[PDB]
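S.K.: My structure is below; once you've seen it, I'll send some questions.
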Amino acid sequence: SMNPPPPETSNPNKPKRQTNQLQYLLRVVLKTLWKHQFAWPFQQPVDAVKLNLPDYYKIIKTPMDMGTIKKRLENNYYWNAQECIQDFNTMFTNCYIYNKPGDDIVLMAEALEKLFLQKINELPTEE
Ligand SMILES: CCn1cnc2c1c(=O)[nH]c(=O)n2Cc1ccccc1
């Protein structure tokens, strides 16, 4: 029932890049999802205490959320786009595993995911 430490968002010894695909992930993908009306549950790590989800971290071993991804993008955490695309996919998967089909949180994730898949379809060519 306690919250774990958050996912890592700073590591000076992790090598990094700034790249046109990573810039697209921030300016197009993250921004598009973040401004959506259903973003709010996904904008920060799950607070299992606040939300009364005492089993959440027993089930979900690789937590991920858009607050973390926004910090990873803004803090230049990544080496490549794959890593950031994987974070989005982990966030959606976690929601589909934890919750019941058709629960409001699930519909919310499916709506975000639709937009995510469209933007990823459109990923720019690597410069
Ligand atoms: C996506 C992470 N997350 C944030 N809040 C959540 C969840 C979750 O997986 N399951 C949940 O039950 N809630 C609570 C919640 C349900 C419905 C709408 C809003 C918040």
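Residues are named by chain letter and number: chains run A, B, ... in the order of the structure tokens, numbers start at 1 in each chain, and ligands are numbered from 1 in the order shown.
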Can you tell me which residues sit at most 8 Å away from ligand 1, counting only C-alpha atoms and all ligand atoms, written as a PyMOL selection string?
M.R.: chain A and resi 40-42+45-47+51+53+56+65+91-92+94-96+98-99+103-106+108-109
S.K.: Could you write out that same residue set with C-alpha atoms as a short mmCIF file (atom, residue, chain, number, x, y, z; two decimals), in the first residue's frame?
M.R.:
data_model
loop_
_atom_site.label_atom_id
_atom_site.label_comp_id
_atom_site.auth_asym_id
_atom_site.auth_seq_id
_atom_site.Cartn_x
_atom_site.Cartn_y
_atom_site.Cartn_z
CA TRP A 40 -5.03 14.08 -15.94
CA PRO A 41 -4.76 10.57 -14.43
CA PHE A 42 -1.63 9.96 -16.55
CA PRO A 45 3.05 8.61 -10.98
CA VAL A 46 0.14 6.64 -9.49
CA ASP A 47 -0.25 7.77 -5.86
CA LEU A 51 -6.19 6.84 -4.93
CA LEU A 53 -5.09 1.38 -4.77
CA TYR A 56 -1.24 -1.39 -7.42
CA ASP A 65 3.40 7.89 -16.47
CA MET A 91 2.23 3.26 -19.29
CA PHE A 92 -0.70 2.01 -21.51
CA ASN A 94 0.10 -1.11 -17.11
CA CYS A 95 -3.35 0.52 -17.26
CA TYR A 96 -4.81 -2.32 -19.36
CA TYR A 98 -4.31 -3.42 -13.73
CA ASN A 99 -7.84 -2.26 -14.53
CA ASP A 103 -13.44 0.96 -16.89
CA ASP A 104 -13.23 4.72 -17.46
CA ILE A 105 -9.42 4.75 -16.92
CA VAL A 106 -9.12 2.13 -19.70
CA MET A 108 -9.09 7.19 -21.27
CA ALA A 109 -5.91 5.27 -22.05
#
S.K.: Pick out the residues sitting within 9 Å of residue 123 in chain A, and hand them over as a ChimeraX atom specification; count only C-alpha atoms, and ignore anything fewer than 6 positions along from it in its own chain.
M.R.: /A:21,24-25
S.K.: When you look at residue 89 in chain A with a cut-off of 12 Å (counting only C-alpha atoms), what residues show up, excluding the ones that are within fewer than 6 positions of it in the same chain? I need them as a PyMOL selection string.
M.R.: chain A and resi 62-66+69+82-83+95-96+109-110+112-114+116-117+120
S.K.: Go ahead and save the picked residues with N, CA and C atoms, as a PDB file, in the first residue's frame.
M.R.:
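Listed below is the output, again21.pdb:
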ATOM      1  N   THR A  62       6.823  -2.152 -13.326  1.00  0.00           N
ATOM      2  CA  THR A  62       7.524  -1.123 -14.125  1.00  0.00           C
ATOM      3  C   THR A  62       6.554   0.024 -14.296  1.00  0.00           C
ATOM      4  N   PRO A  63       6.282   0.759 -13.234  1.00  0.00           N
ATOM      5  CA  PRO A  63       5.384   1.915 -13.359  1.00  0.00           C
ATOM      6  C   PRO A  63       5.859   2.919 -14.324  1.00  0.00           C
ATOM      7  N   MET A  64       4.951   3.577 -15.034  1.00  0.00           N
ATOM      8  CA  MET A  64       5.338   4.658 -15.953  1.00  0.00           C
ATOM      9  C   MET A  64       4.167   5.590 -16.123  1.00  0.00           C
ATOM     10  N   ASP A  65       4.417   6.833 -16.411  1.00  0.00           N
ATOM     11  CA  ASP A  65       3.398   7.893 -16.475  1.00  0.00           C
ATOM     12  C   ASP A  65       3.897   9.001 -17.316  1.00  0.00           C
ATOM     13  N   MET A  66       3.100   9.889 -17.795  1.00  0.00           N
ATOM     14  CA  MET A  66       3.497  10.998 -18.586  1.00  0.00           C
ATOM     15  C   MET A  66       4.274  12.101 -17.821  1.00  0.00           C
ATOM     16  N   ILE A  69       7.656  10.758 -18.215  1.00  0.00           N
ATOM     17  CA  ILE A  69       8.162  10.904 -19.581  1.00  0.00           C
ATOM     18  C   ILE A  69       8.430  12.345 -19.911  1.00  0.00           C
ATOM     19  N   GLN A  82      13.171   5.108 -29.472  1.00  0.00           N
ATOM     20  CA  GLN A  82      12.666   3.793 -28.972  1.00  0.00           C
ATOM     21  C   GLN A  82      12.468   3.812 -27.506  1.00  0.00           C
ATOM     22  N   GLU A  83      13.480   4.307 -26.749  1.00  0.00           N
ATOM     23  CA  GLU A  83      13.341   4.266 -25.319  1.00  0.00           C
ATOM     24  C   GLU A  83      12.047   5.055 -24.845  1.00  0.00           C
ATOM     25  N   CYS A  95      -1.901   0.163 -17.453  1.00  0.00           N
ATOM     26  CA  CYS A  95      -3.348   0.523 -17.261  1.00  0.00           C
ATOM     27  C   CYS A  95      -4.242  -0.627 -17.745  1.00  0.00           C
ATOM     28  N   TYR A  96      -3.915  -1.250 -18.823  1.00  0.00           N
ATOM     29  CA  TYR A  96      -4.808  -2.316 -19.360  1.00  0.00           C
ATOM     30  C   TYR A  96      -4.674  -3.543 -18.453  1.00  0.00           C
ATOM     31  N   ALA A 109      -7.189   5.744 -21.438  1.00  0.00           N
ATOM     32  CA  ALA A 109      -5.913   5.273 -22.049  1.00  0.00           C
ATOM     33  C   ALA A 109      -6.113   4.948 -23.523  1.00  0.00           C
ATOM     34  N   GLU A 110      -7.238   4.333 -23.939  1.00  0.00           N
ATOM     35  CA  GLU A 110      -7.410   3.938 -25.316  1.00  0.00           C
ATOM     36  C   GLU A 110      -7.475   5.203 -26.212  1.00  0.00           C
ATOM     37  N   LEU A 112      -6.049   8.195 -25.585  1.00  0.00           N
ATOM     38  CA  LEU A 112      -4.608   8.684 -25.615  1.00  0.00           C
ATOM     39  C   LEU A 112      -3.860   7.788 -26.557  1.00  0.00           C
ATOM     40  N   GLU A 113      -3.989   6.499 -26.474  1.00  0.00           N
ATOM     41  CA  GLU A 113      -3.220   5.565 -27.272  1.00  0.00           C
ATOM     42  C   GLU A 113      -3.542   5.761 -28.737  1.00  0.00           C
ATOM     43  N   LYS A 114      -4.766   6.064 -29.086  1.00  0.00           N
ATOM     44  CA  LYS A 114      -5.062   6.262 -30.478  1.00  0.00           C
ATOM     45  C   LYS A 114      -4.261   7.405 -31.075  1.00  0.00           C
ATOM     46  N   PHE A 116      -1.494   8.604 -29.773  1.00  0.00           N
ATOM     47  CA  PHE A 116      -0.052   8.174 -29.753  1.00  0.00           C
ATOM     48  C   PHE A 116       0.260   7.366 -31.011  1.00  0.00           C
ATOM     49  N   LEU A 117      -0.556   6.348 -31.360  1.00  0.00           N
ATOM     50  CA  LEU A 117      -0.278   5.536 -32.518  1.00  0.00           C
ATOM     51  C   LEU A 117      -0.273   6.335 -33.768  1.00  0.00           C
ATOM     52  N   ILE A 120       3.034   8.305 -33.859  1.00  0.00           N
ATOM     53  CA  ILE A 120       4.182   7.433 -34.108  1.00  0.00           C
ATOM     54  C   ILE A 120       4.210   6.966 -35.528  1.00  0.00           C
TER      55      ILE A 120
END
S.K.: When DSSP is applied to the backbone of this structure, which of chain A are assigned helix (DSSP H, G or I)? Write them out as an MDAnalysis selection string.
M.R.: chainID A and resid 20:34 40:42 56:59 66:74 81:98 104:121
S.K.: Record the distance separating CA of residue 18 in chain A and CA of residue 5 in chain A, expressed in Å with one decimal.
M.R.: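 Atom-to-atom, CA of residue 18 in chain A to CA of residue 5 in chain A, that is 26.8 Å.
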S.K.: What is the distance, in Å and to one decimal place, between CA of residue 84 in chain A and CA of residue 52 in chain A?
M.R.: 28.6 Å
S.K.: For residue 19 in chain A, which of A:49, A:59, A:85, A:73 is the closest residue, counting only C-alpha atoms?
M.R.: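 Closest residue, counting only C-alpha atoms: A:73.
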S.K.: I'd like the neighbourhood of residue 15 in chain A as a PyMOL selection string, where a residue qualifies if any of its atoms comes within 12 Å (using only C-alpha atoms), though same-chain residues fewer than 2 positions away should be ignored.
M.R.: chain A and resi 10-13+17-18+76-80
S.K.: Can you work out which one of A:107, A:28, A:115, A:97 has the shortest atom-to-atom distance to residue 60 in chain A, counting only C-alpha atoms?
M.R.: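 Checking each of A:107, A:28, A:115, A:97 against residue 60 in chain A, counting only C-alpha atoms, the winner is A:97.
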